[PDB]
Chemist: 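Structure in structure tokens, see below.
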Amino acid sequence: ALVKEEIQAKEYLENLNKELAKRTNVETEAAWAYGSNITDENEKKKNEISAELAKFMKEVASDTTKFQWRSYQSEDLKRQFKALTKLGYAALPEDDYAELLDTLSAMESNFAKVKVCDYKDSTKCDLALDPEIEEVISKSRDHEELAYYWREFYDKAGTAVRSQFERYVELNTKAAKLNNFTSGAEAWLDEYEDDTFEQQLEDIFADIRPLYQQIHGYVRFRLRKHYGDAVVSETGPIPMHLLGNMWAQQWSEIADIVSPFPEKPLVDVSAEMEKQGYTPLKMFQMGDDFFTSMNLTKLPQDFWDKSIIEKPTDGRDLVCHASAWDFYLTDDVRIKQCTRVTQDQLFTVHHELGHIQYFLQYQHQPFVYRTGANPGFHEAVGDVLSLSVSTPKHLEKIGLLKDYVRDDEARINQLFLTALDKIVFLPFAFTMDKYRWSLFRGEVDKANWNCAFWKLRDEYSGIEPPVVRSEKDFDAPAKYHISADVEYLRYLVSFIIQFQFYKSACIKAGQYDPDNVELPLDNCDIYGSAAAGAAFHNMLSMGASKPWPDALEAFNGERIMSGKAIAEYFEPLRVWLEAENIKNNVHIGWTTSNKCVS
Ligand SMILES: *[C@@H]1O[C@H](CO)[C@@H](O[C@@H]2O[C@H](CO)[C@@H](O[C@@H]3O[C@H](CO[C@H]4O[C@H](CO)[C@@H](O)[C@H](O)[C@@H]4O)[C@@H](O)[C@H](O[C@H]4O[C@H](CO[C@@H]5O[C@H](CO)[C@@H](O)[C@H](O)[C@@H]5O)[C@@H](O)[C@H](O)[C@@H]4O)[C@@H]3O)[C@H](O)[C@H]2NC(C)=O)[C@H](O)[C@H]1NC(C)=O
Ligand SMILES: [Zn+2]
């Protein structure tokens with residue numbers, strides 16, 4: 001009888017979910033120990049426990065065939081069983097899974113251990129990406145110095161790992177096919193539960209792309225005035241080392257030389273943070289305050305007790321790329337961040353605390369539901385708060401921005417600053433997964449892998465390497481997420497939907513009205529808003545219990561991912577920028593790059 005079996009299945013699921021949570025706790029603890037302290041011993045422990053959990057997952061997936069779950073009445077029960085059938089990498093044979101884990105840790109440890117020699121001191125060779133190299137890329141305006149650090153880092157973080165990356169692609173593909181996906185692309189895309197998801201993103205990207213072109217053109221124009229035409233051409237792709245970021249993913253670090261109105265205020269509170277004696281602890285406490293002010297959950301004692309919020313001062317190797325950790329018990333949540341006292345880092349703190357909040361909000365759910373509605377939702381939470389933190393309105397409240405006059409010109413400066421982070425990022429994010437998808441799908445021959453990467457960066461972002469690269473180089477793994485096997489489409493989704501969340505939260509807070517000149521979207525602060533917090537609670541507490549459109553509906557009554565909100569935010573910038581580019585006869589678009597030899 002199916003009626004009797006469905007009752008037994010419910011009891012089966014409740015026990016199994018609790019078992020999976022407990023087993024994942026053990027794996028997570030070992031993964032935490034390795035990421036905070038990279039050693040051969042900790043790698044071995046992390047990978048051996050993962051192999052053990054994978055073995056158990058195999059048994060679980062096999063056990064689901066004993067239940068007629070597709071025949072059940074409960075949509076909830078069917079959804080849980082469906083989740084249990086999806087093995088991911090755990091579908092691989094024992095030896096293949098062990099090899100993949102060895103390959104993944106080899107790539108992540110390589111990235112984390114990268115050290116370069118000082119440009120001015122060839123005997124000082126202990127400069128790591130975080131913070132040494134990133135500080136130079138963000139602050140130096142010496143184009144040759146920038147080019148040196150670009151080359152040194154990409155050679156060490158990218159090229160050195162080509163063979164491991166090749167084996168990773170092979171095993172990722174094998175795993176996907178064992179789960180009956182065509183490739184790792186489809187495996188990743190399955191997390192969005194929508195068979196038109198790629199086309200939806202193409203459509204949204206196409207709408208925002210013209211604005212990006214205008215920003216690109218104007219920045220290129222302004223860079224030519226700074227560096228001269230020998231360094232930056234009018235018609236070519238922008239040399240990427242000049243954009244204030246190792247991967248040219250976000251350009252806010254060069255705002256001081258590309259700002260629309262240089263005589264008017266440009267928000268950079270890093271100096272005031274230092275002057276007021278800000279610490280990493282204070283920054284996290286302020287983040288905690290923001291969430292609690294919205295009637296959301298305070299950080300538990302375990303967070304403060306166990307988190308790493310500063311780069312360790314011993315000689316040890318660790319992964320410094322910030323991360324949040326759910327240990328699948330009650331209130332055992334942690335962040336690992338190599339925190340610095342800067343404005344950008346203040347946003348990063350809020351980003352990571354967004355993940356933590358999500359963990360706390362759904363910790364009551366069955367294990368399989370203890371994750372985001374889709375990967376983009378998880379990335380978006382903290383960024384919604386960061387948008388309000390970034391406003392002159394909020395920064396004045398916390399005394400970090402002083403003597404600020406919010407006229408038309410200062411507003412354009414602030415909108416442009418935000419766009420250098422939010423619009424510029426969109427083509428970058430798309431290319432990270434367009435690249436990996438093409439490799440996963442077997443669409444690029446191995447002899448063309450490196451120039452396939454730079455071709456996409458050219459086509460979509462209009463940027464290029466500072467020096468000529470070839471198929472002797474392999475540059476993709478120089479980006480953390482590529483070395484660390486972290487899906488990137490989540491960020492494209494996040495940057496779109498975070499404006500849907502922000503707009504709705506702002507309206508709920510009484511902080512945005514499109515017909516009121518005193519309440520513009522770009523100066524909305526949701527701090528202290530219980531109404532905005534209620535929307536977050538309603539959505540986040542769901543976890544992955546329902547398909548993501550239901551989670552969006554719980555927030556604001558909408559069911560569709562839309563670029564309307566992000567375009568609405570930047571509309572006043574679009575009007576000004578289009579006119580400014582025409583006024584200055586600014587060239588738009590770029591010729592095909594010559595910087596990757598086939
Ligand atoms: C990815 O896709 C794969 C297919 O491309 C898929 O692999 C298939 O999984 C099937 C299991 O669902 C499996 O089907 C079984 O086949 C057995 C014989 O297969 C042999 O010969 C094949 C060549 O003809 C070889 O290719 C194989 O290697 C094998 O050597 C059958 O003996 C078996 O049967 C039994 O089970 C059925 C199922 O019963 C179902 O459930 C209830 C049970 O209570 C039934 O009431 C209900 O009616 C329903 O049918 C019984 O009906 C039957 O009485 C037997 O007990 C079964 O059909 C198949 O072999 C396998 N490979 C191929 C090539 O087809 C993967 O599983 C997919 N992977 C994932 C992760 O989804
Ligand atoms: Zn994140």
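Heads up: numbering here begins at 1 and tracks the sequence. Scope of the values below: all heavy atoms of this structure, side chains included, with no hydrogens, waters or symmetry mates. Just so you know, ligand 1 is whichever comes first in the structure, and atom 1 is the first atom listed for that ligand.
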Chemist: Does the protein put any heavy atom within less than 4.0 Å of atom 47 (C) of ligand 1?
Modeler: no
Chemist: Give the numbers and elements of all ligand 1 atoms closer than 4.0 Å to a heavy atom of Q68.
Modeler: 41 (O), 42 (C), 43 (C), 44 (O)
Chemist: Does the protein put a heavy atom less than 4.0 Å from atom 59 (C) of ligand 1?
Modeler: no
Chemist: With distance as the sole criterion, is a donor-acceptor pair present between the side chains of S183 and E186 under 3.5 Å?
Modeler: yes
Chemist: Verify the contact flag for atom 42 (C) of ligand 1, where contact means a protein heavy atom under 4.0 Å away.
Modeler: yes
Chemist: List ligand 1 atoms under 4.0 Å from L178, heavy atoms only on the residue side.
Modeler: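 Heavy-atom distances to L178 below 4.0 Å select 71 (C).
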Chemist: Would you say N180 and ligand 1 have an N/O pair spaced under 3.5 Å apart?
Modeler: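 Looking only at distances, the answer is yes, because the N/O contact criterion of under 3.5 Å is met.
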Chemist: Does the distance from a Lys or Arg side-chain N to an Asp or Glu carboxylate O, for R334 and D302, drop under 4.0 Å?
Modeler: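 Salt bridge flag = no for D302 with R334.
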Chemist: Under 4.0 angstrom from atom 70 (C) of ligand 1, is there any protein heavy atom?
Modeler: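 Under the 4.0 Å cut-off, atom 70 (C) of ligand 1 does have protein heavy-atom neighbours.
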Chemist: Would you please classify the geometry between the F501 ring and the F555 ring as parallel, tilted or perpendicular, with 30° and 60° separating the classes?
Modeler: tilted
Chemist: Would you tell me whether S74 and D76 have side-chain atoms, one donor and one acceptor, within less than 3.5 Å of each other?
Modeler: no
Chemist: With the Zn ion (ligand 2) as the reference point, give the N/O/S atom of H351 that is nearest.
Modeler: NE2
Chemist: For atom 8 (C) of ligand 1, is the nearest protein heavy atom under 4.0 Å away?
Modeler: no
Chemist: Around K10, counting heavy atoms of other residues, nucleotides and ligands shown, do more than 12 lie under 6.0 Å from its NZ?
Modeler: no
Chemist: Please check if a non-hydrogen protein atom sits closer than 4.0 Å to atom 33 (C) of ligand 1.
Modeler: no
Chemist: Side chains of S36 and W32, heavy atoms from C-beta outward: is any pair under 4.5 Å?
Modeler: yes
Chemist: So, of the N/O/S atoms that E379 has, which is the nearest one to the Zn ion (ligand 2)?
Modeler: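 The nearest such atom is OE1.
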Chemist: Ring-plane angle category for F81 and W69, please: parallel below 30°, perpendicular beyond 60°, tilted otherwise.
Modeler: parallel
Chemist: Please report whether atom 13 (C) of ligand 1 has a protein non-hydrogen atom at a separation of less than 4.0 Å.
Modeler: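 For atom 13 (C) of ligand 1 the answer is no, since every protein heavy atom stays at 4.0 Å or beyond.
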Chemist: Is any side-chain heavy atom of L104 less than 4.5 Å from a side-chain heavy atom of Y89?
Modeler: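 Of all side-chain heavy-atom pairs linking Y89 with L104, at least one is under 4.5 Å.
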